[PDB]
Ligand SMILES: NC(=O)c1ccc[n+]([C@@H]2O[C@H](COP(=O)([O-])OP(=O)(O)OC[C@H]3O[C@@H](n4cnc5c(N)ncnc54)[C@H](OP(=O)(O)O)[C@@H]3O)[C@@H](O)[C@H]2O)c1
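One chain is shown next in structure tokens, namely the form deposited without the ligand.
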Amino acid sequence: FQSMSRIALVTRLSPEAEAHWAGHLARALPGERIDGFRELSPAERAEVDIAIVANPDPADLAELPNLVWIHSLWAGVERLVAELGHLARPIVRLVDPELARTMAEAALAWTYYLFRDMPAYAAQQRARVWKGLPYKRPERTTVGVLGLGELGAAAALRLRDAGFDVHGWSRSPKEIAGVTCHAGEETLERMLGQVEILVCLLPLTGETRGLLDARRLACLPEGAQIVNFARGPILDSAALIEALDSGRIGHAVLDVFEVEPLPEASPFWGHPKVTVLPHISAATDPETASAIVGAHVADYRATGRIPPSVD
């Protein structure tokens, strides 16, 4: 017999979440043989040359000999490259050309969530309290964006077009029309000082790890609200909790955490001033994500060319 090729879907998602993906991937890649890792026998595993993954268990990936390369379903594979660099199979991240748009949407939707007092109304609804809160217009409301790369800039422009008084910070100079742009660590504290809602869209490096520490959080106005779409380590967890408790920070929408899935024992889950999101601000719709995986897979079947991978 001619030996046969196949694809394993290796995740640690809920079974219904994995099955949702399987269905979409099957649509995008008809004829490929795609199975949940759990469904494959040892013979079938030895046939697998491509793994499509979402937070896979390394133990499962190690049970696939003859594996050639990996396609993540996620955009952020930093967790994965560290966890699995050692398997010496290229890792391909899911790069979606519409990420900036979708992240800018999310910045706006969650700024509105805070601006329009949705959390407070939800809390009051649970206590059966009817109580309208003071409204002021966006134009008298200062919104800060940390990070002015492709995502931060897109986000700032959506916020601007919504009518907010938008301030931007970056390490280098940036000029974005209708947005007051601040440059360098020197101007950061003056920028934080004026901002009622802060949206974080910074990349994680040496110079940004712990950038939002106890000191810097204290620079924000009393009651300021924060949205973290960046990475966990940009923000000092324990310092955020103390600032929340004391009232310095009014509310925090958190999408990114040092450990993900966020462990059950994190105090963030229960915290009254915290909204926890499971790393979805910028997610691709699975139809689009699947079609991109599909195209990459199809190109490898045609050319033997592994797509551009990560270090």
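Residue numbers here begin at 1 and follow the sequence given.
One more form of this protein should be noted, the form solved in complex with the ligand, which is absent from this view; the next part is about it.
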Q: Scan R216, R101, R116, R171 and let me know which has any heavy atom within 4.5 Å of the ligand in the deposited complex.
A: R171
Q) Within 4.5 Å of the ligand in the deposited complex, heavy atoms considered, which of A75, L87, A109, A122? A) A75
Q: Decide yes or no: are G149, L201 and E207 jointly within 4.5 Å of the ligand in the deposited complex, with each residue judged by its heavy atoms?
A: yes
Q.
Only one of these stretches, 131-139, 190-198, 228-236, 158-166, has heavy atoms within 4.5 Å of the ligand in the deposited complex; which one is it?
A. 228-236
Q. Just to confirm, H279 within 4.5 Å of the ligand in the deposited complex by heavy atoms?
A. yes
**Q.** 4.5 Å heavy atom contact, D255 and the ligand in the deposited complex
**A.** yes
(Q) Given that the chain moves as two rigid parts between this form and the one not shown, is it the case that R33 and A109 are assigned to one and the same part? (A) no
Q) Relative to the form shown here, do the C-alpha atoms of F268 and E18 sit closer together or farther apart in the deposited complex, given a change of 3 Å or more? A) farther
(Q) Quick one: with a 3 Å or larger change, is the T11 to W269 CA distance smaller or larger in the deposited complex? Answer closer or farther. (A) farther
